[PDB]
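Read the structure below first, then the notes.
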There are 2 protein chains.
Amino acid sequence: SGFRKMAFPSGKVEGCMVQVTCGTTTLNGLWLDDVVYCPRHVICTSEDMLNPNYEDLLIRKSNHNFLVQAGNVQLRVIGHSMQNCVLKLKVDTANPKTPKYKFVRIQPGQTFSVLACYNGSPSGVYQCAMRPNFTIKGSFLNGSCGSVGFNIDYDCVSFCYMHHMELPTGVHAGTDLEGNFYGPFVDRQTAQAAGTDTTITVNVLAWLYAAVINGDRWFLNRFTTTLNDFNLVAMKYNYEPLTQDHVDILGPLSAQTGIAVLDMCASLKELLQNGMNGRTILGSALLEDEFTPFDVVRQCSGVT
Amino acid sequence: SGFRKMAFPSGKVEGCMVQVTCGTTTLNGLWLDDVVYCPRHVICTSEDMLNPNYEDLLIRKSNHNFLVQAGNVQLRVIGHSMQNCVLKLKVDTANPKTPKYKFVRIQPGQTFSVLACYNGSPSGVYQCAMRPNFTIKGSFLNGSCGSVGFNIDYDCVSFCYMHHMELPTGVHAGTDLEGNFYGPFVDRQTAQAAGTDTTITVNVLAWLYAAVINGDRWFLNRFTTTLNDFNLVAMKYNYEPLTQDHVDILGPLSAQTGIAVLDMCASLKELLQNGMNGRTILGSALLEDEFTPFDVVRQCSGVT
Ligand SMILES: COc1ccccc1OCCNC(=O)c1cc(=O)[nH]c2cccc(C)c12
Ligand SMILES: COc1ccccc1OCCNC(=O)c1cc(=O)[nH]c2cccc(C)c12
């Protein structure tokens with residue numbers, strides 16, 4: 001028992017982190033097979049970043065200008081290319097530590113672990129959610145660019161995120177591993193509107209199920225509701241509308257606890273309307289939305 | 001910017017996890033050099049656990065009865081010994097993945113990362129604190145015994161905890177790597193009183209400094225207090241008394257923010273007496289005590 005914001009073991013990803021330097025800019029790269037992936041803004045200078053002409057900046061760069069160092073060893077760069085907002089540096093040596101991997105574009109509301117790195121060295125690992133507005137509320141300082149987000153299914157790492165920047169609001173933005181930004185963001189130092197965010201309803205319900213499994217049951221009530229009635233409350237409280245696909249994803253947790261999804265919706269409805277009254281659920285005094293139904297089952301079943 | 005419950009990168013510890021089987025019990029072992037460390041209760045059966053005679057149970061066991069498997073390879077056990085509540089299985093092969101390491105006994109209020117494992121396979125990593133009453137509020141299921149707690153200083157892993165059991169209250173208990181339990185706990189299936197717990201005051205103050213650094217400043221007020229006045233409030237709210245050693249440890253954060261420790265104590269005093277009034281600090285609606293002053297500086301400075 002117990003419920004924690006658990007990250008995947010980061011070992012397989014640690015073995016892929018390298019340092020990429022171009023001119024005076026240093027950031028992190030991901031070395032998979034004979035390719036190092038990194039944010040394309042590694043080729044910029046402070047003057048460039050207000051509106052960089054990436055095509056022109058990259059034309060002035062040659063293979064030998066990209067300094068890639070894996071720990072203490074230097075990699076020889078034999079090709080370079082820009083794909084969307086990422087640079088792909090072909091190296092002459094395949095990473096011997098390359099795990100089985102996939103590149104995936106995650107959906108908003110899904111979760112992943114971030115391995116925060118500086119100068120190609122891992123510093124920490126944390127679990128987070130891709131917000132409905134495509135930002136991530138991460139923890140990143142100068143030099144963290146190129147740190148990646150991932151999920152691990154047994155021996156396969158699915159890389160879903162590469163960190164590109166911090167918005168003026170203090171939230172984070174990045175791309176999939178093909179360099180396509182999540183959200184409307186652009187790799188420029190400009191004011192960028194992140195859309196209206198909402199709370200991930202399916203995750204809050206999944207986390208209420210995790211609470212019941214772990215013994216925190218005070219919020220269970222004698223009520224039920226309908227998808228329509230629940231969605232009127234979710235609208236008022238800036239929660240994502242609950243669909244039958246979400247109810248279906250919550251099926252296993254509903255079966256495990258014997259609490260019908262709409263009955264859990266009625267508990268959530270009461271917590272939204274009345275608050276927690278100074279009480280806590282799984283050590284939290286707010287409604288947590290960073291655990292998916294899959295995460296709750298995985299944590300509550302011990303998948304390795 | 002941003003502040004997360006960040007765990008150390010678990011790679012160096014993942015390479016040390018093995019599966020230990022004795023009879024029908026399987027749990028996790030830590031393979032460092034030519035020794036595998038595991039909880040001594042691996043030699044018990046369900047009937048034994050109410051009050052096991054460990055010396056007698058171990059006498060019936062021979063080297064060949066301890067099945068140690070590192071991934072898919074089997075280790076040959078050439079010696080066994082019990083030290084306090086741990087078993088030390090001498091194997092004929094030194095772990096090639098043994099990082100530079102130390103065994104340390106952490107103090108209550110200090111933090112560490114746990115690499116939760118099942119059948120010798122890592123499943124997840126999370127950050128937690130050793131509670132003032134020597135329990136840990138972890139997330140562990142059946143088979144998690146032998147999972148370890150650690151801290152990493154550059155290339156050196158300081159192992160501080162090995163998981164032994166879940167108390168009937170749902171909190172966790174374990175030992176240092178010499179097998180000495182933290183707290184009054186014994187490795188028996190019995191009702192065991194965990195002492196009165198308190199909130200880690202120095203950590204809550206460190207986390208308020210992390211909040212100021214990251215932009216959450218609403219709780220700062222026009223007041224100050226004394227160590228004596230603050231300690232009367234800390235007594236009433238079951239917080240650890242603040243000492244000058246704690247103020248001294250908070251020196252660097254006080255210098256970074258320019259907010260005197262006693263002025264931050266006055267903000268904490270007001271939050272204890274008035275609550276958060278439906279507001280949040282670093283995404284939390286309660287006062288967080290699982291970040292030490294060292295953790296706050298490390299996260300806010302990017303140590304790798
Ligand atoms: C405005 O910056 C960019 C905009 C578009 C593209 C790239 C931009 O920056 C690239 C460098 N950024 C970081 O390394 C950075 C990332 C982060 O998440 N937090 C920070 C906290 C303090 C200081 C810094 C520099 C960071
Ligand atoms: C009463 O148990 C012991 C007492 C003293 C000594 C050893 C004891 O158990 C050894 C086995 N324990 C676990 O593997 C276990 C650990 C844990 O943290 N959570 C669980 C959640 C559900 C089920 C189980 C079995 C666990």
Side-chain angles (χ1 to χ4, degrees), chain A residues 1-2 25-28 38-46 48-52 54 85 114 116-119 135-147 162-175 181 185-192 213-215 299-302, chain B residues 1-2 25-28 38-46 48-52 54 85 114 116-119 135-147 162-175 181 185-192 213-215 299-302:
Chain A
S1 90
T25 300
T26 290
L27 45 64
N28 306 285
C38 76
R40 71 181 178 165
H41 70 245
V42 70
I43 72 181
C44 299
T45 66
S46 63
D48 288 318
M49 286 309 318
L50 296 160
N51 194 19
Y54 287 96
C85 304
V114 170
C117 303
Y118 299 92
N119 304 120
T135 65
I136 77 166
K137 302 182 168 195
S139 162
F140 289 118
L141 307 166
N142 176 208
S144 64
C145 301
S147 299
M162 176 168 273
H163 186 52
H164 285 240
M165 63 183 178
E166 185 169 308
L167 300 172
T169 60
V171 305
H172 302 106
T175 70
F181 262 91
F185 311 113
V186 294
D187 50 350
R188 288 159 216 167
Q189 179 178 326
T190 190
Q192 302 186 44
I213 292 169
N214 287 279
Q299 181 152 178
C300 298
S301 76
Chain B
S1 90
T25 300
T26 290
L27 45 64
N28 306 285
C38 76
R40 71 181 178 165
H41 70 245
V42 70
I43 72 181
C44 299
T45 66
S46 63
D48 288 318
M49 286 309 318
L50 296 160
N51 194 19
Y54 287 96
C85 304
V114 170
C117 303
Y118 299 92
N119 304 120
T135 65
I136 77 166
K137 302 182 168 195
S139 162
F140 289 118
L141 307 166
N142 176 208
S144 64
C145 301
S147 299
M162 176 168 273
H163 186 52
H164 285 240
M165 63 183 178
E166 185 169 308
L167 300 172
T169 60
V171 305
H172 302 106
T175 70
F181 262 91
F185 311 113
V186 294
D187 50 350
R188 288 159 216 167
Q189 179 178 326
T190 190
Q192 302 186 44
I213 292 169
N214 287 279
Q299 181 152 178
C300 298
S301 76

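For the numbers below, each heavy atom of this structure counts, side chains included, while hydrogens, waters and symmetry mates do not. Naming: A, B, ... by sequence-line order, numbering from 1 per chain. We count ligands from 1, going down the list as the structure has it; atoms in each ligand are counted the same way.
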Out of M165(B), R40(B), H163(B), indicate the one that has the non-hydrogen atom closest to atom 18 (O) of ligand 2. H163(B)
Right, does atom 2 (O) of ligand 1 have protein non-hydrogen atoms nearer than 4.0 Å? no
Which heavy atom of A173(A) sits nearest to which heavy atom of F185(A), and what is that distance? CB-CD1, 3.8 Å
Where is the nearest protein heavy atom to atom 10 (C) of ligand 1: which residue, which atom, and how far? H41(A) NE2, 3.4 Å
I'd like to check which ligand 1 atoms, numbered from 1 as shown, lie under 4.0 Å from a non-hydrogen atom of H172(A). 18 (O)
Atoms in ligand 1 with a heavy atom of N142(A) nearer than 4.0 Å: 14 (O), 20 (C), 21 (C), 22 (C), 23 (C), 24 (C), 25 (C), 26 (C)
What atoms of ligand 1 come closer than 4.0 angstrom to any heavy atom of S144(A)? 16 (C), 17 (C), 18 (O)
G302(A) and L141(B) have their tightest heavy-atom pair at N-CD1, 3.4 Å
For residues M49(A) and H41(A), report the shortest heavy-atom separation together with the two atoms involved. SD-CB, 3.9 Å
Near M49(A) (heavy-atom distance under 4.0 Å), the atoms of ligand 1 are 5 (C), 6 (C), 7 (C)
Any nitrogen or oxygen of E166(B), main chain or side chain, under 3.5 Å from a nitrogen or oxygen of ligand 2? yes
Would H163(B) and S147(B) count as a side-chain hydrogen bond (donor to acceptor under 3.5 Å, both in side chains) if you check the C-alpha gap in whole Å, the side-chain angles of each, and the deciding distance to 0.1 Å? CA-CA 5 Å; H163(B) 186 52; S147(B) 299; over 6 Å; no
Evaluate the criterion side-chain contact (heavy atoms from CB on, under 4.5 Å) for residue pair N51(B) and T190(B); output intermediate values, then yes/no. CA-CA 8 Å; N51(B) 194 19; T190(B) 190; over 6 Å; no
Geometry only, no angles: is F140(A) polar-contacting ligand 1 at N/O separations under 3.5 Å? yes
Check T25(B) against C44(B) and note the closest heavy-atom contact, atom names and distance. OG1-O, 3.1 Å
Residue and atom name of the nearest protein heavy atom (relative to atom 9 (O) of ligand 2), distance in Å to one decimal: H164(B) O, 4.4 Å
Got the closest protein heavy atom to atom 11 (C) of ligand 2, with its distance? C145(B) SG, 3.7 Å
Atom 20 (C) of ligand 2: closest protein heavy atom, distance to 0.1 Å, is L141(B) C, 3.5 Å
Of all heavy-atom pairs between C145(B) and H164(B), which one has the smallest distance, and what is that distance? SG-O, 3.2 Å
Please report which non-hydrogen protein atom sits nearest to atom 14 (O) of ligand 2, along with the residue it belongs to and the distance in Å to one decimal place. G143(B) N, 3.2 Å
Take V186(B) and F181(B) through the side-chain contact (heavy atoms from CB on, under 4.5 Å) test and state the conclusion after the steps. CA-CA 7 Å; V186(B) 294; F181(B) 262 91; 5.9 Å; no
